[PDB]
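In: Generate coordinates for the sequence data below:
(9 chains)
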Amino acid sequence: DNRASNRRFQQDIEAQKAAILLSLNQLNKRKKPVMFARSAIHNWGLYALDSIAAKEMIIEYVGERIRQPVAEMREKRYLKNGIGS
Amino acid sequence: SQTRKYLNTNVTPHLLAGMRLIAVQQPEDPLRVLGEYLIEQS
Amino acid sequence: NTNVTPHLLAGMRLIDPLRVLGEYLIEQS
Amino acid sequence: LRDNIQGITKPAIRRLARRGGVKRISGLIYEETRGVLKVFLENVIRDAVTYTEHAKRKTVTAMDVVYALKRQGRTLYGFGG
Amino acid sequence: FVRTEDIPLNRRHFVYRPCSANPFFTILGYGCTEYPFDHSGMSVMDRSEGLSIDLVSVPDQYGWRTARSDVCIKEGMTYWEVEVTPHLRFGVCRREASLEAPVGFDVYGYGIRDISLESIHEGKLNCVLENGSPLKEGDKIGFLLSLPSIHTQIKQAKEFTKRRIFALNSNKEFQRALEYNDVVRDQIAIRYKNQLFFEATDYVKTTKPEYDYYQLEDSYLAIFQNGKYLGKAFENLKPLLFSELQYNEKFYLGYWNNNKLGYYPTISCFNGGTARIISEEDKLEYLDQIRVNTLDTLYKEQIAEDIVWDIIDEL
Amino acid sequence: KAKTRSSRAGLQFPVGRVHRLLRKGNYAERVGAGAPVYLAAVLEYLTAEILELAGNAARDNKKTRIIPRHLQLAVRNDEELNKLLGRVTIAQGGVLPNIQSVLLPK
Amino acid sequence: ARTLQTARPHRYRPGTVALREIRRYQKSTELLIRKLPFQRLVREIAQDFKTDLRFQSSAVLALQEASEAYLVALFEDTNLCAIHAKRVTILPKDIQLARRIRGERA
Amino acid sequence: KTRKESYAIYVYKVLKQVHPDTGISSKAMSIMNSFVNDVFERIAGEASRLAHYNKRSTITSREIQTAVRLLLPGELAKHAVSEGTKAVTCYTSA
Amino acid sequence: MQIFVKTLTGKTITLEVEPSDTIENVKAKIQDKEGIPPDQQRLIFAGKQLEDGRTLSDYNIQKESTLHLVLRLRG
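Out: Numbers count the residues shown, from 1 in each chain, chains lettered A, B, ... in the order given. See the structure here:
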């Protein structure tokens, strides 16, 4: 059901594209349903919402791309303001 | 290494000084003038 | 390399105060 | 061309059985298996040759083997099916 | 501006150098090239991959990147001029500084800013000069760098040693067991994609050495804009005799100077801010107001020192 | 101007072709005008549903070319695409990794 | 806190090299029978039907594919029979029972 | 030379919209082509058989639906019939 | 001045505008930057749909503001 809905939505976008770019999607949409809630190992954590098998994709770890010195500066500044995570 | 130690201890410093002097402006017999300079050291 | 490298190699191979190198340096030229 | 079934040697049967998932072969399997394979090959090539001599030609094509396979319940994808 | 395509650039604490076939050498087969040209120029081995090209810049979308002068200023008095959203920086930096970071982001380099001529060190900005004269697109910035005589730096280093041997230490015994005038270099010949370069180990950042802060004796950095000096950028220049090479101490403990120590004139480029540096007296514009030698002289001196040390180190 | 019959329905698979095959394959005396469209929709749905899993496999195997082994994996790893193709054999598809539990050492 | 990452004589007892060949063959996808012996076997079997056929080079290959995908599958079934009888070896009385239950003998 | 036909370009146009960067091999393309042919023949043959029992003389968009609902397994049937009816609606109103 | 237009698809575009520009001018700017006809779009800010006739400055929009562009999608 999820893959069918995703393909239908993407082909709706491709049918709309005749009016234009600025509309593409993160291709790694094949992600399982998860959630965030309070955890034991730390404050917040990610709990699977449905039973998943083994050797299957779950989610992409996405953020802002930076170089190494920028990363060093940023982690230093975060340690400064008490982030420490 | 022992040879390096001996050369660095005695000859190399002023040999280098004369070599870089002839390097800044080269003469045509740099070996003879260098020999003179170093002998004039001792 | 064209100018002074072989005279220097021969002189260090010869090597005795520095006077011995100063003269060998002149005699090679 | 006489007595070629001995060309399905013992290591080939071992490899097929490994891919099949078995762990400890017996010693008598290597003749029962040749018998089974000969029976299968006769059953398939009979219909292949029928299909190829019905069309009034003397060359067993790959479509003939594909048809002779599909007819016995075992289809086969990849050879112009 | 063009980028380099097949050169090994300086990274992971390794330095490269081209060589040419020299048949006087038997143990080694090759000797250092003069350069791809006569005069000194932009060192292509220690550049950032994103640093494009005596002219250097980065595209307008690239963060701070740097290049260093080839010549290593050990001591004495050296003067030169650097010709000038797109920012740049002019300064001087040691080898430990990263080519990815703007001069003055670490404690190993000291630099100045294009806009407001602020002095940058340890990542902090300074406005020591009160002149506050803005810099235009065609200005020529002079640098007079004076450093102490080698002997005094050597004795300062010896003082550091005499402190370190027991005053800072009281496997201790091995450390206590551990040449100042003598140069010992490490070079290996490597072939990278049918091209030929020499690999040498480089220095790593470590804790700053303290005792009063270490200062080169009577060291001074002076800056001029169109003949007018704008002050002394720094005095308490760090000694370097202080500069630990990358070392696998674990390896030698388990088994149990490279003539390139100094400050390099460094040019930094941000969002397309270009510039160029001047080395030779004929194209030097304020060489007489000091009263001296140009950088090119020290370039030739470094060439001579390298080739002579290459001669001796064969045996 | 002309307007392909398979573009009026948002399909990629040809509808005129499927219609000619239904007509000249001797399946019935008459072919409804919307039967080829329905059949072509179903065909492209099935082929997309299998090509998607084939691409997922070829990506989770660090390649970028769907290859018979990837189709065999995509089919035999599913549960309903396995019943639709329970009799077929996919040439060069190998087999699915599986070892019984009585055989694994203890 | 630091940046996380993904990277920074002999005689095997009997029964272990088998469990390794199983894993290395259940993941490969090539043909496990030599090609010239199978060529000759197919040509020799087709004598009993017509004297001189020519066996286009894709026919033979085709057969080989099926001839593997049959035997392999057969062995799977026989394996279960063995495991059913509380043993590990597969015996000829297992193949015969598989072929009987499955319908090939009746 | 005589021009034979296949479903190569259409399978490719579908691959280039399900995975916009992957690319199919050759043997895999032939496999997908024979798969499409086989499912085509299955569905059309069952549809014919079904448009025969009922003594109809035509094979309409409902014989095809019932064929798809018989041959395809549990859940593939619902999605297949949904895509089919959507395509037929989008086609008839154009 | 810059404002932002966040599209559902994950794209944010940084349009350059002046506070004296009309919203119609804003829709024209989104078109001439991205090619989307002003008639097919729909602009939302602070929970209120920006009304067709009025002006940008009517909503007190200043620089580097963000606002959401949803499409009046169809067949």
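In: Identify the spatial nearest neighbour of the spatially most central residue of chain H, chain neighbours not counted.
Out: The residue lying closest to the centre of chain H (CA atoms, centre = their mean) is residue H:40, at 5.7 Å. Using CB to CB, 6 or more residues apart in numbering or on different chains and skipping the chain neighbours, the partner closest in space to residue H:40 is residue F:43 (6.5 Å). C-betas here are computed from N, CA, C, even on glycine.
In: which parts of the helix or strand where the one you found lies are buried?
Out: In the assignment (DSSP states H and E), residue F:43 maps to helix F:35-60. Buried residues in helix F:35-60, counting neighbours by 16 or more other CB atoms under 10 Å in any protein chain shown, are found at F:35-59.
In: In chain F, which residue sits closest to chain G?
Out: residue F:94 (3.4 Å; CB to the nearest CB).
In: Return the distance of the nearest residue to that residue once chain neighbours are set aside relative to residue G:70.
Out: Of all residues not flanking residue F:94 in the chain, residue G:29 sits nearest, at 3.4 Å (CB to CB, 6+ apart). Distance of residue G:29 to residue G:70, given as CB to CB, to the nearest Å: 16 Å.
In: can you give me the helices for chain G?
Out: G:16-25, G:35-45, G:57-84, G:92-102 (DSSP state H).
In: Burial check on residue D:38, number of neighbours?
Out: 14 (other CB atoms under 10 Å in any protein chain shown).
In: do the one 3 residues further on as well
Out: Residues contacting residue D:41 under the criterion other CB under 10 Å number 22.
In: host element of residue A:47?
Out: Counting by DSSP H and E, the element that carries residue A:47 is strand A:44-48.
In: what comes into contact with the following helix or strand past that strand?
Out: Using DSSP H and E, the helix or strand that follows strand A:44-48 in sequence is helix A:68-80. Contacts to helix A:68-80, defined as CB atoms under 8 Å, 6 or more residues apart in numbering or on different chains, come from residues A:66, A:84-85, E:63, E:98, E:100-101, E:105, G:1, G:3.
In: Now with 7 Å, please.
Out: E:98, E:100-101, G:1, G:3 (CB atoms under 7 Å, 6 or more residues apart in numbering or on different chains).
In: now the helix or strand in which residue E:252 is found, how far from the centre of its chain.
Out: For residue E:252, the host element (DSSP H and E) is helix E:249-255. When C-alpha coordinates are averaged (CA atoms, centre = their mean, to the nearest Å), helix E:249-255 and its chain have centres 30 Å apart.
In: Need the residues that contact that helix.
Out: E:171, E:174.
In: Could you export it as CSV, CA atoms only?
Out: Taking Å, rounded to 0.1, in the frame of the first residue of the first chain, the C-alpha atoms of helix E:249-255 are listed here in CSV:
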residue,chain,number,x,y,z
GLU,E,249,56.0,6.8,19.3
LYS,E,250,54.2,3.5,20.1
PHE,E,251,56.2,1.7,17.4
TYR,E,252,59.7,2.7,18.4
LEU,E,253,58.9,2.4,22.1
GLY,E,254,57.6,-1.1,21.4
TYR,E,255,60.8,-2.0,19.5
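In: If you count neighbours, what's buried in that helix?
Out: Here helix E:249-255 shows no buried residue, counting by 16+ other CB under 10 Å.
In: Could you do stretch H:19-35 as well?
Out: Judged by neighbour count (16+ other CB under 10 Å), stretch H:19-35 contains these buried residues: H:19, H:22, H:24-25, H:27-35.
In: Show me these that map onto helices.
Out: H:27-35.
In: need the residues of chain F near chain D, please.
Out: F:68, F:87-92, F:95, F:98-100, F:103 (CB under 7 Å from any CB of the partner chain).
In: typo on my end, chain H
Out: When proximity is defined as CB under 7 Å from any CB, chain H approaches chain D at H:27, H:30-31, H:34-35, H:37-38.
In: First-to-last residue distance for stretch G:18-33?
Out: 19 Å (CA to CA, to the nearest Å).
In: Tell me how many other residues surround residue E:34.
Out: Look at residue E:34: counted by other CB under 10 Å, it has 12 neighbours.
In: Direction included, what does the strand holding residue A:47 pair up with?
Out: In the sheet, strand A:44-48 lines up against strand A:34-38 (antiparallel) (DSSP bridges).
In: which stretches of chain H form helices?
Out: For chain H, helices defined by DSSP H occupy the ranges H:8-18, H:27-53, H:63-71, H:74-92.
In: Wondering if the last one reaches chain I at all.
Out: No - using CB under 7 Å from any CB, helix H:74-92 stays clear of chain I, coming no nearer than 8.0 Å.
In: Residue E:303 and chain A: what is the separation?
Out: Distance, residue E:303 to chain A, using CB to the nearest CB, to the nearest Å: 33 Å.
In: okay, now that residue: neighbour count?
Out: 19.
In: With residue F:55 as the reference, measure out to it.
Out: For residue E:303 relative to residue F:55 (CB to CB), the value is 59 Å.
In: where's residue D:12, which helix or strand?
Out: Using DSSP H and E, residue D:12 falls in helix D:10-20.
In: Alpha carbons of that helix, as PDB, please.
Out: The C-alpha coordinates for helix D:10-20 follow below in PDB (Å, rounded to 0.1, in the frame of the first residue of the first chain):
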ATOM      1  CA  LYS D  10      30.400 -36.800  -9.100                       C
ATOM      2  CA  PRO D  11      31.600 -33.300  -8.300                       C
ATOM      3  CA  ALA D  12      28.800 -31.700 -10.400                       C
ATOM      4  CA  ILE D  13      26.200 -33.700  -8.400                       C
ATOM      5  CA  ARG D  14      27.900 -32.600  -5.200                       C
ATOM      6  CA  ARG D  15      27.700 -29.000  -6.200                       C
ATOM      7  CA  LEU D  16      24.000 -29.300  -7.200                       C
ATOM      8  CA  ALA D  17      23.300 -30.900  -3.900                       C
ATOM      9  CA  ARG D  18      25.200 -28.200  -2.000                       C
ATOM     10  CA  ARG D  19      23.100 -25.500  -3.700                       C
ATOM     11  CA  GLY D  20      20.100 -27.600  -2.800                       C
END
